[PDB]
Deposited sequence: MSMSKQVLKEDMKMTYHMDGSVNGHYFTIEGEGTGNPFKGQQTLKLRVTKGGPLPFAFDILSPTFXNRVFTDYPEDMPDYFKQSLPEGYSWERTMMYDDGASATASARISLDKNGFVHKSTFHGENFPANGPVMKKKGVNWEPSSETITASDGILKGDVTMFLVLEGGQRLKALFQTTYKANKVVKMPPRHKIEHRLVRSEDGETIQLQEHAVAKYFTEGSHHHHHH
């Protein structure tokens, strides 16, 4: 595990019954909690929905942890960890996702799935009006060898509105590691697109409360 890591991605997903596959590569500094991803829709493109609902699916190894706080995700290496997530939007839409994070010769291997339903056909998600997620603060809590994350998310939309969603995640290392206290992770995730690709950049930093 070094300062200059590489990643690969594969997602099989669907939204409102429209199925798609996404693949890509990434680079990042896991110790500074920084990563940059380059993704392509390899099947089912172009996506008839705002890519932002998928972007948090695309790795808490890339979190800047204080030196004296147990780092659940870096401890999980080389075997890695997996997670499962529910996402409940304020308009009644809902989605689930899961991913497995592992390592090979090249670096991190990220395999994920995504299932979303009941996004209003004429709402901002299905009309591709997302801009970016607001910076967020996810509360991490520990119990029985696993972590649970809670974060209220706000998707910035065109025209100055925001769409709220509640994210809940269970992170599983699948081997015994030293467990951290209750803490928070501050995220900043931004997206850029060019017709052929999607770029994601996340900066994530873990902090103690107060």
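Gaps between the deposited sequence and the modelled coordinates occur at 1-7, 66, 219-227, listed in sequence order.
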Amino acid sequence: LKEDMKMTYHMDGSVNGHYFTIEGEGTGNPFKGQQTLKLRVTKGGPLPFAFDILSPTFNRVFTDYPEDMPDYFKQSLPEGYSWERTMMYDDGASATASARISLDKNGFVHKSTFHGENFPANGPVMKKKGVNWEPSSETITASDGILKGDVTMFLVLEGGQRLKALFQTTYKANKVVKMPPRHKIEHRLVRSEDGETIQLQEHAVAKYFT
From here on, numbers count along this sequence of modelled residues.
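Between 167-175 and 149-157, it is 167-175 that carries the larger average Cα temperature factor according to the deposited entry. When 99-107 is weighed against 81-89, 99-107 comes out higher, by mean CA B-factor as recorded in the entry. Residue set 71, 117, 138, 134: peak C-alpha B-factor at 71 (per PDB entry).
Across the residues 26, 33, 46, 56, the deposited record lists the maximum Cα B factor for 46.
Remark: residue 37 belongs to the lowest third of its chain, ranked by C-alpha B-factor as recorded. When the CA B factors of the chain's modelled residues are split into thirds, the value for residue 196 lands in the highest one.
Looking at the C-alpha B-factors along this chain, the one for residue 75 belongs to the highest third. Ranked within its chain, residue 94 lands in the middle third, by CA B factor from the PDB record.
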